[PDB]
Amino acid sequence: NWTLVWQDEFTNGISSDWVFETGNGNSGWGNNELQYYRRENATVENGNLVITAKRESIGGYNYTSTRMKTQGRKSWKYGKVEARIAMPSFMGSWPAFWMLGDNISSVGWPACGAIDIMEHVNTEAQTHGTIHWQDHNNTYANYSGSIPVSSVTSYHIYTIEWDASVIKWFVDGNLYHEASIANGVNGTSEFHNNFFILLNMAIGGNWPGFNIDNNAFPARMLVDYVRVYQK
């Protein structure tokens, strides 16, 4: 059965297991994103993390938001990883709940692997689940599924179950995507290493595009909790 091994319920502030990124990264966090991440865009209100994207200027960028991670504090190999999230829906928005391989520090992205547990862009009536990696031929690979979500602005539960055979994605317990990692099929060896968790909300970028609804700011993503279980 599933045993809880880590959580942040945000009940008494943000856990010291999170580190915050600052700035626009390299080439907009690799995606030509437009935001500058800060600590100040993360707050807690009534037992929920609140990530607020703002029209705010700093360092040559014109929007701010938060990107937080458990890198260097907490990581896991296999498990059930879940968060209860309510996110905004507007043109330019790109919230995510995801994981990266701890070995990113030595192998870089995308060789480290990423497991996107929840992504949403713009005003789509659906959310996506995806894995990204470098395959047997060392070519960038991704494998993505999606599920209709009529109200991303309401709380939904975004989950993966990950074991040495498979990763499965669920929203509200409804299975919608799955990917085999058994034997490192399609060069998925790196999903058999420890990964850390990230939460963020980007503004603009190659996927959502550069048509930004400037009247949708400030915008809030609320996260009731993040939990990890293992067998």
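The first residue of the shown sequence is 1; numbering continues from there.
S.K.: Tell me which stretch has the larger mean Cα B-factor in this entry, 222-230 or 1-9.
M.R.: Looking at the record's C-alpha B-factors, the answer is 1-9.
S.K.: Which of the two stretches, 116-124 or 133-141, shows the higher mean Cα temperature factor in the record?
M.R.: Taking the mean C-alpha B-factor of 116-124 and of 133-141, the larger value falls to 133-141.
S.K.: Which one of 160, 85, 111, 100 shows the top CA temperature factor in the record?
M.R.: If I rank 160, 85, 111, 100 by C-alpha B-factor, first place goes to 111.
S.K.: Taking the C-alpha B-factors as the PDB entry records them, is residue 176 in the lowest, middle or highest third of its chain?
M.R.: It falls in the middle third of the chain.
S.K.: Among all modelled residues of this chain, ranked by Cα B factor, put residue 37 in the bottom, middle or top third, i.e. lowest, middle or highest.
M.R.: For residue 37, the deposited C-alpha B-factor lands in the lowest third.
S.K.: Sorting the chain's CA B-factors, does residue 104 end up in the lowest, middle or highest third?
M.R.: Top third by C-alpha B-factor.
S.K.: By the record's CA B-factor, is residue 201 among the lowest, middle or highest third of residues in the chain?
M.R.: It falls in the middle third of the chain.
S.K.: Ordered by C-alpha B-factor within the chain, which third holds residue 66? Give me lowest, middle or highest, please.
M.R.: Lowest third - that is where residue 66 ends up once the chain's C-alpha B-factors are sorted.
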